[PDB]
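Asks: Chains as they are written, first to last, in PDB author numbering: chain A, 3 to 527; chain I, 3 to 527; chain P, 8 to 528.
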Amino acid sequence: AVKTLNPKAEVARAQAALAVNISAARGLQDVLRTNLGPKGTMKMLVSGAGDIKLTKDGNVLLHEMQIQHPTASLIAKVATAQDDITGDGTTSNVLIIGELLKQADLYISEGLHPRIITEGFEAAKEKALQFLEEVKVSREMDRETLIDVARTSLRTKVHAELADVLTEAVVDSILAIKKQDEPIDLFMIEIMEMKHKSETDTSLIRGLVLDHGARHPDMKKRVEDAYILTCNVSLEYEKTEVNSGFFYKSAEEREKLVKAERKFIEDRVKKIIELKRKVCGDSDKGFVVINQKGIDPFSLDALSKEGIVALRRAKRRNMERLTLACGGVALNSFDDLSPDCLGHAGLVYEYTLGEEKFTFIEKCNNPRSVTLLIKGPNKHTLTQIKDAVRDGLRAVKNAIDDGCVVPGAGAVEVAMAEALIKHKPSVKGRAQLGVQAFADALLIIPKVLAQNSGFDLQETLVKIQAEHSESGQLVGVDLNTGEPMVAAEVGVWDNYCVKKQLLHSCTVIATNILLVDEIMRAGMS
Amino acid sequence: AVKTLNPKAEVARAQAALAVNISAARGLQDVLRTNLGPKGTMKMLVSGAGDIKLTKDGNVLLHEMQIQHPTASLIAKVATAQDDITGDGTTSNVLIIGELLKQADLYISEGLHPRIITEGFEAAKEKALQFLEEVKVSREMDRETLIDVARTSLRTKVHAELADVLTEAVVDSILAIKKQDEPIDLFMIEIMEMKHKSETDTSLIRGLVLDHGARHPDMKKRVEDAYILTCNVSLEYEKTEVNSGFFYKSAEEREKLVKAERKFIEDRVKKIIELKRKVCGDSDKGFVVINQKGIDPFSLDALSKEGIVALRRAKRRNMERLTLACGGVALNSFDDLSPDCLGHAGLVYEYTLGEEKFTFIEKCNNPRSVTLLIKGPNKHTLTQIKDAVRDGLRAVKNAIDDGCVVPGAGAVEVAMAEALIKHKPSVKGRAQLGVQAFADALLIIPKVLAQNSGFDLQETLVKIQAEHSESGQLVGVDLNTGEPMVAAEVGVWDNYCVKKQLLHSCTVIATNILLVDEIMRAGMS
Amino acid sequence: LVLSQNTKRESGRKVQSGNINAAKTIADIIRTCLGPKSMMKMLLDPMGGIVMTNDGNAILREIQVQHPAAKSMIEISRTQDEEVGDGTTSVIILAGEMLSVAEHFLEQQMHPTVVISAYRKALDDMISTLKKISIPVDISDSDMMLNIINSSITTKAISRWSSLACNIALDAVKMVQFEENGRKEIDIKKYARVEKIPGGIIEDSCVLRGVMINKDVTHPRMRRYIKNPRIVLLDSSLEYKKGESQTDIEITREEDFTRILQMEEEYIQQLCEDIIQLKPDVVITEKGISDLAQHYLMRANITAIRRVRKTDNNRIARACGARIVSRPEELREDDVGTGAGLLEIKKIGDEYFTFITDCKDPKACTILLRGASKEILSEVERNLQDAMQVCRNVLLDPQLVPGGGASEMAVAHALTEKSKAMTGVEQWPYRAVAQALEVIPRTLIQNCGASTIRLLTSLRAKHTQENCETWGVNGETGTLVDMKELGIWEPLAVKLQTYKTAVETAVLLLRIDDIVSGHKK
């Protein structure tokens, strides 16, 4: 039509674009469905630049699987949001999405106008969330509780052994993280990775590790007791902000001009050394310094003759972790210098690897910042596990965040289904159709679970489709026998908000997705 | 895989190619579902040569809508048989096909193997056909019963008035056809068209018409009483097969040889000349000659002097019709000539239209061959009216063939549907799904009707999905109120073989379509 | 510039690997295509049409390749497919894996030639083994054939139409034995014409006691229906033909032009009365017809048809047993169409068809295919084509084998008994073939969808028992099943040519060690 307006423009139509979009997701869900579920397979990507992936979390796939179909890109965005919200189940989220739209299509393919079904969805989610709200299990921050949940989450990505090794570190971090009210996960979580010696030996360090080393050979590699200097003011030379052209007349002055120029930094370092010497009058104690900017070699020499450990050019967030590590008082002005401003560590050495240098912080009495040092055999795997790690953490932060918890492995969805299928047309009737498919779409999670597990779908669903008695249980599908399972008893759990948001996210996605007619493209050349 | 074998080759895969065909057929059916039904709309096709259609019989449309998808072309072939078999419901077949696979995909998308569902169809064809077998209402050759089905067939194709106008024509044609044992639809049937004055006035003629007129002025245009010479031997000159060029010495002999050459044909007409004058010693009666070959100008002079109508270059089947109408004894050797070899008609004349000429043969004593004379305002309409004319005639031929007749408007389908749904998994169980799916596909015909007829699908289905009682009746859908209606009483019908063939054919089509995995393209460059 | 100027060459392990890879490719694109649980594939022709068929040969027949050994394998298919019809459903697939393990000794730096020798040694043991565990059977017992017939077709879509086709096949073959070779009569698959007509159903398709002509009566008056027709097959044209020796005519008087005109007419009359002299009823010619002759044949109450393919004509001749003639004056009463139970000319719908059935003892007949669409029917006849094929082979040999991998395992351990009795370097190649054999039933399980390793191992474990040789696998259950009750039974020569062809490929391929292109000649 508007092709009249523009020849080069492109338009779809109500019937046309509708099918296109559902076709688009139907393909999209097909690829990703292999993944979620511990039996699922992570995927490897190759850049046109030749880089390499080994990932399973779909958002990474979607963000990096170069596609042009718009709805997918739209779906990609919310999935990325979900990644910025919780991290996994984005897997399920899209699988929820297209499958809903597929079931949605079935009825409009019967000519049903979509507007009605949306309202059915509107009612459907409400009842579901109503059920969702009540069914979450209020659980304390028992170490094991989260431990199982961490293992519950972490198995989604890696070896059973690998996550199990990983499981201990994250939870203890979580334990060593809270100030009993509010986590931010940024400072206290240091994720550093080394191409070193294994995948499994990746470990929590009770202290901190640094991405660089001292710039002087005489610099002490290892120190028993560390007294910490946290700072950012440059001890490299600097010349003042005003144009300040000087001359001299004598080469003697030239040297006199040599010494004068250095004198300012000379005092700066001098203030610290006296403080160090005011502090470390003992020979046994070792003194360490950290700068966010760089340091003069002459200053380096200044410390060198005093055998002073100092570090330069730190990322702006590290000092927070340092303050969260040693209780050191991060400062700029060294004239206002106090020993109480110091930080203290029980042990420091440096670790040299490859060509780089890595530095080690050890033995805080009550460390409040820790580090997930990632030991790596292979670069992609480090990147690979890291996503699994950050996912695993964000699972826990919500897990602690919510004093309740959802038993995982889709036992909820059947519970959603039966309750939702147990809805009379208290609706205006025509909506009961959309509700029916809405409930129908929910069973995909175990379906693909059995599918990813290889067990036949239809029979297993019917099997687990047995609420037993008055204790019609929250029953999961066994991930290795395809059988009814108490996720709670077996300790398979999930974040309530995860379950919360995804339903909300998908629903809003769905209704608008169904509520477009043609896809316009009339843009400038 | 085979890309290893060939780079320019093309191949699909199991899920892939399967997904292709269903979309192809489902895409195919969507286009045509606008067609069938008296409330349906015929579609206009435009040739690359600029030619034009106004038909609704998709066979023309499919045959003329250029598609490259093979299964669609595959569909084209089997439909091409069906139209060659019956002509309408070709529409049904394809819509039957795709929606069958659509439900089939619903299950294979659930991981259910096609062979299982194929077998589900296998029995599903069986039970229905028996139900189809038993339910056909045996009806004898009542003219009106022929009339209504003819009217039933035509309203799918032409104006309700226009159908009614033609409805009378064909059945009266049909009634004048049967030799109580064997109709052929060919020679008794002449489909002749004139770009003349109406679509509705198009009228069957008690006799035959010819597509041409005389080639000499003195030929009388009108013949009160017709005495008929049917023949095919040339009355044009001809020279022997053998090199026979002759010589002479005298131009006087040259004239003599001119005389000799003509004499053989001169002899030929004379026998006709005599027998005519022998038979028509009366002045009143007129005599006419027919040649399927040409007629020589001098011969034209011969008969004109005796006023004997001759026509040349008739279609080889016309003389058969000349026989079956006027009982003329079609011959070749005029030497063995009898008045007994003649044909007689009550009236013969020529009607001149524009530039062309048409020759009229009327009032045979017991005509067994007539002409469906088409009057036309527009060329395309002539074609458009023509196939429906072909469409009706075969149906009546089918109608007379079978002692039973099927209620139209899909009244059969629900009866199957309730019958097929009235089948416990007496099947091996996993097959019942395809059976459950198979019947689901059957309800499409009414759905497209109301979809064509505007009424809402599901609710119309539900209401019409009503066997009433022990008299769960044969219910057609009201074609203007979308209401349950008994087709038998309203007299909407169809041929048993029609319903018989289409399911059988469609069943065969579908299973194979679902029983292909990948589509390979490796041919010579 | 030296050798051939843009003709590549290749040598050695790279070459041999390339053939193996090319070989390995060839099988796998088909490995799913065998079994009662097989797949069915649809193809894109060069010329627009569509072909769907499970028979691998046609699939390979429609395959364009550049790798030579691949093209070699292609020809290998059609040869056995020509030879036996089916098993090509497995034939090539057997070959490649045989090669696939065959390469496994190349890196063993083992010269293939000796590995060839074992392959030769292996074959005779297989051949001898099979004969030991072959099964003779009666030929007159029809029902056994049908099971054999069904067994041989219980891989193709006509599975649901087994009973008809089994009858359809059985009758057609049974009536084909050209006994003029004494007690060494031969059947031929070139007279059992197959006719595909659209419309109708599988059930409508049936075997007709005679031949069908897709023609119509030249003239209306001739009856389209006769109880006991008498037939003449006129190879010659029925009309005047030019004097072959470029004759020319110079007339001088007036009447001659007309006179010579009557003379050819007379020549026409001359021919006819000779025909009517023998009281025939039917006039047949592969050529055209003089309508003037047709006039007198109409005068003669004798029906005529023109311009027929020769192939059908002789079958028409073979149908009524009469013999074709090109010389009307030399017509012999011995060639009367006696033995035509009925002549009829029907209408399929827009086509007249010629019905000549119920011959006293027809040796020829055509089958009328009535189905969904020609490509559907084209698949049907391919299933027929093999269906008739093995039957005649059965009529060559009364010996039957339990295929389905049961014989295969029987062969395998038989060689395993040999291999441990056959010490030397060649032993490992020898046992290799035995192990290579095992993949065909393995395919079945993959085609079935069961635990291949567990099934096969139990299968092999089952057939270590000497007491039991018929243990095979049911196609659908995917369970160990003795063959006797299951009834999937196979003609000996079928599997013979299978193994026979199978090895010939390898040695042929195994010798290959170099590549040369660009012959430009």
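Where a beta carbon is used, it is the ideal one built from N, C-alpha and C, also for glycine.
Expressed to the nearest angstrom, what Euclidean distance is found between the alpha-carbon atoms of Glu246/P and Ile296/P?
Replies: Residue mapping note: residue 246/P aligns to position 239 of the third sequence, counting from 1. Residue mapping note: residue 296/P aligns to position 289 of the third sequence, counting from 1. Roughly 6 Å between the two C-alpha positions.
Asks: So, at 8 Å on beta carbons, what are the nonlocal neighbours of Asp93/P in its own chain, with the 5 sequence-adjacent residues on each side left out?
Replies: Against the third sequence, residue 93/P aligns to sequence position 86. Within the same chain, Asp93/P has close Cβ partners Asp62, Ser159, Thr162, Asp393, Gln396, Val397 and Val501.
Asks: Under a three-way DSSP split, which group does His346/A fall into?
Replies: Counting from 1 along the first sequence, the entry for residue 346/A is found at position 344. In the structure shown, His346/A sits in a strand (DSSP, three-state: E or B).
Asks: Looking at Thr158/A: is its Cβ nearer than 8 Å to the Cβ of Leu38/A?
Replies: Counting from one through the first sequence, the residue named residue 158/A turns up at place 156. Counting from one through the first sequence, the residue named residue 38/A turns up at place 36. The answer is yes: Cβ separation under 8 Å.
Asks: Between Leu487/P and the ligand SAM, is there a pair consisting of the residue's CB and a ligand heavy atom that are separated by less than 7 Å?
Replies: Of ligands this structure carries none, so the ligand SAM is not represented either.
Asks: Got a sec? Which residues, its chain only, sit under 6 Å from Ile83/P by beta carbon, not counting five neighbours each side?
Replies: Taking the third sequence and counting its residues from 1, one reaches residue 83/P at position 76. So the list reads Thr512, once near-sequence residues are dropped.
Asks: How many angstroms separate the CA atom of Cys455/P from the CA atom of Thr39/P?
Replies: Numbered from its first residue, the third sequence carries residue 455/P at position 448. Numbered from its first residue, the third sequence carries residue 39/P at position 32. If I take the Cα positions, the gap works out to 10 Å.
Asks: Less than 8 Å separating the beta-carbons of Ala307/P and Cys327/P?
Replies: As a working mapping, residue 307/P is identified with position 300 in the third sequence. As a working mapping, residue 327/P is identified with position 320 in the third sequence. For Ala307/P and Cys327/P, no; Cβs fall outside 8 Å.
Asks: So which of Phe112/P, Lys354/P, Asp281/P and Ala172/P has the shortest CA-CA distance to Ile204/P?
Replies: For this step, residue 204/P is matched to residue 197 along the third sequence. Comparing Cα positions, the closest option is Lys354/P.
Asks: Confirm, please, whether the CB-CB distance from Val416/A to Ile466/A is below 8 Å.
Replies: In the first sequence, residue 466/A corresponds to position 464, counting from 1. In the first sequence, residue 416/A corresponds to position 414, counting from 1. Yes; because the gap between Cβ atoms is below 8 Å, this pair is in contact.
Asks: Can the beta-carbon of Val289/P be found less than 8 Å from the beta-carbon of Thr259/P?
Replies: Here residue 289/P is taken as the residue at index 282 of the third sequence, counted from 1. Here residue 259/P is taken as the residue at index 252 of the third sequence, counted from 1. No.
Asks: Taking the C-alpha atoms as reference points, what is the distance between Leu499/P and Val144/P?
Replies: The residue you call residue 499/P lines up with position 492 of the third sequence. The residue you call residue 144/P lines up with position 137 of the third sequence. Distance between the alpha carbons of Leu499/P and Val144/P: 11 Å.
Asks: My guess is that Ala443/I and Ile119/I are in contact by the Cβ rule of under 8 Å, so how many angstroms apart are they, rounded?
Replies: As a first step, residue 443/I is located in the second sequence; it is residue number 441 there, counting from the start. As a first step, residue 119/I is located in the second sequence; it is residue number 117 there, counting from the start. Not really, about 11 Å apart at Cβ, beyond 8 Å.
Asks: Any contact between the segment 136-145 of chain I and the segment 451-464 of chain I? By contact I mean 3 or more CB pairs, one from each, below 8 Å.
Replies: At 8 Å Cβ cutoff, the stretches do not touch.
Asks: Is the CB-CB distance between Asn514/I and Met59/P below 8 Å?
Replies: Along the second sequence, read from residue 1 onward, the residue named residue 514/I stands at position 512. Along the third sequence, read from residue 1 onward, the residue named residue 59/P stands at position 52. Result yes, Cβ atoms of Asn514/I and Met59/P sit closer than 8 Å.
Asks: Do you know offhand how far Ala413/A's Cα is from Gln132/A's?
Replies: Taking the first residue of the first sequence as 1, we reach residue 413/A at position 411. Taking the first residue of the first sequence as 1, we reach residue 132/A at position 130. In a straight line, the C-alpha of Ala413/A is about 16 Å away from that of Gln132/A.
Asks: Using a threshold of 8 Å, state whether the C-beta atoms of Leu463/A and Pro486/A are closer than that.
Replies: Position 461 of the first sequence, counted from the start, is the residue given in the question as residue 463/A. Position 484 of the first sequence, counted from the start, is the residue given in the question as residue 486/A. No, the Cβ-Cβ distance between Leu463/A and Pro486/A is not below 8 Å.
Asks: Hey, is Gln460/I's beta-carbon within less than 8 Å of any beta-carbon in chain A?
Replies: Counted from its first residue, the second sequence places residue 460/I at position 458. Chain A contact via Cβ: present.
Asks: Please report the residue range of the beta strand (DSSP E) in which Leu177/P lies.
Replies: Here residue 177/P is taken as the residue at index 170 of the third sequence, counted from 1. Looking at the DSSP string, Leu177/P is not in any beta strand (DSSP E); the run it does join, the alpha helix (DSSP H), is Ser169 to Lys181.
Asks: Which one or two residues does DSSP pair with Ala311/P in a beta bridge?
Replies: Residue numbering aside, residue 311/P sits at position 304 when the third sequence is read from its first letter. DSSP output for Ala311/P lists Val290/P as bridge partner(s).
Asks: Show which residues of chain I have a CB atom less than 8 Å away from the CB atom of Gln453/A.
Replies: Reading the first sequence from its first residue, position 451 is the one you call residue 453/A. Within 8 Å Cβ-Cβ: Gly113.
Asks: State the DSSP-derived secondary structure class of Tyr109/I, mapped to helix, strand or coil.
Replies: Taking the first residue of the second sequence as 1, we reach residue 109/I at position 107. Three-state DSSP puts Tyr109/I in a helix.
Asks: How about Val172/A and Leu326/A: are their beta carbons less than 8 Å apart?
Replies: Residue mapping note: residue 172/A aligns to position 170 of the first sequence, counting from 1. Residue mapping note: residue 326/A aligns to position 324 of the first sequence, counting from 1. It is not a contact, given that the beta carbons lie outside the stated cut-off.
Asks: What residue ranges within the segment 14-77 of chain A form continuous alpha helix (DSSP H) runs of no fewer than 4 residues, ordered along the chain?
Replies: If we require 4 residues or more, the alpha helix (DSSP H) runs fully inside the segment 14-77 of chain A come out as 16-34 and 60-66.
Asks: Quick one, which residues of the segment 6-40 of chain I are near chain P if we go by CB-CB under 7 Å, in chain order?
Replies: Result list: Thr6, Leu7 and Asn8.
Asks: Taking the alpha carbon of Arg230/P as the point to measure from, which residue in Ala439/P, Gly431/P, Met429/P and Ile312/P has its own alpha carbon closest?
Replies: Indexing the third sequence from 1 puts residue 230/P at position 223. Nearest of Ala439/P, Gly431/P, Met429/P and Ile312/P to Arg230/P, Cα basis: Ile312/P.
Asks: From the beta carbon of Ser380/P, is the nearest beta carbon of chain I less than 8 Å away?
Replies: The residue you call residue 380/P lines up with position 373 of the third sequence. By this cut-off, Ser380/P is an interface position.
Asks: What residues of chain I sit near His302/P, judged by a beta carbon separation below 9 Å?
Replies: The count along the third sequence starts at 1 and reaches residue 302/P at position 295. The answer, in chain order, is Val235, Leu333, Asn334, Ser335 and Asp338.
Asks: Would the beta-carbon of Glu415/P fall within 8 Å of that of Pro448/P?
Replies: Here residue 415/P is taken as the residue at index 408 of the third sequence, counted from 1. Here residue 448/P is taken as the residue at index 441 of the third sequence, counted from 1. Yes, the pair counts as a contact, with Cβ atoms nearer than the cut-off.
Asks: How many angstroms separate the CA atom of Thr36/A from the CA atom of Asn482/A?
Replies: As a working note, residue 36/A is residue 34 in the first sequence. As a working note, residue 482/A is residue 480 in the first sequence. One C-alpha to the other measures close to 16 Å.
Asks: In the DSSP output, what is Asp489/P paired with across the bridge?
Replies: To locate residue 489/P, count along the third sequence from 1; it is residue 482. BP columns for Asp489/P point to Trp478/P.
Asks: Quick check on the burial criterion: 16 or more other C-beta atoms within 10 angstroms. Buried or exposed for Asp337/A?
Replies: Translated into positions along the first sequence, residue 337/A becomes position 335. So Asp337/A counts as exposed.
Asks: Output the residue ranges of the beta strand (DSSP E) runs that lie fully inside the segment 202-238 of chain A and measure 3 residues or longer, sorted by chain position.
Replies: As far as the segment 202-238 of chain A is concerned, its whole beta strand (DSSP E) runs of at least 3 residues are 205-207 and 228-233.
Asks: According to DSSP, is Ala312/A helix, strand or coil?
Replies: For the purposes of this step, residue 312/A is identified with residue 310 of the first sequence, where counting begins at 1. Here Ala312/A sits in strand by DSSP.
Asks: In the structure shown, what three-state DSSP assignment does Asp496/A receive?
Replies: One-based indexing of the first sequence puts residue 496/A at position 494. In this structure, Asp496/A counts as strand in the three-state DSSP scheme.
Asks: Near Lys48/P, what residues of its chain come up, given a Cβ to Cβ distance below 8 Å and the 5 sequence neighbours on each side ignored?
Replies: Working through the third sequence from its first residue, we reach residue 48/P at position 41. For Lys48/P, where only same-chain residues beyond five positions count, the Cβ hits under 8 Å are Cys40, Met59, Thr60, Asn61 and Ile66.
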